[PDB]
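Before any questions on how it binds or moves, here is one chain, the form deposited in one PDB entry, in structure tokens.
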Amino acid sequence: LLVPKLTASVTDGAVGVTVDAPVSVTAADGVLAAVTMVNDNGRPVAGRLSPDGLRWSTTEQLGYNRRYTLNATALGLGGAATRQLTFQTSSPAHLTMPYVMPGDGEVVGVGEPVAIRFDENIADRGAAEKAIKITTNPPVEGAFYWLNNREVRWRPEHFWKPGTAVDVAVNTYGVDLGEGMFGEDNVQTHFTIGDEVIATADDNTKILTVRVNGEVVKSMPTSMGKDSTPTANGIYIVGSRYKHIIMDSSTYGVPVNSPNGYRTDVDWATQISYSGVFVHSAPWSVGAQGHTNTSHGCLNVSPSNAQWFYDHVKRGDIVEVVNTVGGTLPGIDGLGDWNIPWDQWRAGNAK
């Protein structure tokens, strides 16, 4: 009695069809007897019909800047219906690829933020935030904050609880991130929080004390930045580690040949700020470690203590510096996120 009906997720003649979602077709009062989608070159798009014959959907990534033609026929006891629909997908001016840290499957410390760094400036930060889905278990409140025009961070109010699972789905493919810039692809990463490791460098004592789940496990004499190039106070996130590295002040904005410049090969170096602070082996200053500050800002320790730090501290662990004559590490350093007050971080800066 009733003629079958076709309903597609696109309209014939549409332009700017976004490719963040599959294209589908549904039949009512009948079943789908044939569904094909081809691009402007005639090549078919992969799809799948549901077992009950009522719903077809694309099953592969749809492309930017394509003209697709969908042909569908529904058949029912009451007759047949055929439709042909042609539509154009989004045509980006630019593409941007996101890069996520930390790495997939990593175990990181209680200070590790989620980091999503785009390779282009993001004109619509809110669109980017909306496209990033963070799952936590146990669930905890967190929020986004932009360090610069390309990199956004997500973290909770307080250091993570050990044993928390964190899942990051950056679903930017087909999403307009402003001014015609679209996501180059999706990215999906997962990590876990390990032991709580917090090392405190107190300028009053010139000791760097490492605590693991609240217990003191190591007490390292240190020499921090001299009064003219002091170590900033505050909370530092542990970054990369190196068995050896050439520390080149030009990497951190300071000409080597300038008064505060340097180019030094050091062993057992753990990065704790993008501004170039490391914990590292300093055989030349062992006499001053635990007594006086001599460095350009780095936390000088002994060879054995630097190796110990390399072996026992991981990305996302915390170093807190207190009581120096320096200022406070900038919240937007790169590893300084925890120095931003929570009310300010939570409010964000997407606008």
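Rigid core here is just the name for the largest C-alpha set that superposes within 1.5 Å across the two forms. For every residue, the number given is its place in the sequence shown, counted from 1. Only residues modelled in both forms are compared.
Unshown form deposited in another entry; subsequent notes refer to it.
> Hey, does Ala27 budge by 2 Å or more at the Cα between the shown form and the other one once the core is superposed?
Moves: yes, 2 Å or greater.
> Comparing between the shown form and the other one on the rigid core: C-alpha of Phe118 shifted by 2 Å or more?
For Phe118, whose C-alpha is compared between the shown form and the other one after core superposition, the shift is less than 2 Å.
> Is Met37 one of the residues whose C-alpha moves 2 Å or more between the shown form and the other one after the core fit?
Yes, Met37 moves 2 Å or more.
> Which parts of the chain move between the shown form and the other one, counting only runs of three or more residues whose C-alpha shifts are all 2 Å or more after core fitting?
Listed in sequence order, the moving runs between the shown form and the other one are 8-13, 19-70, 82-89.
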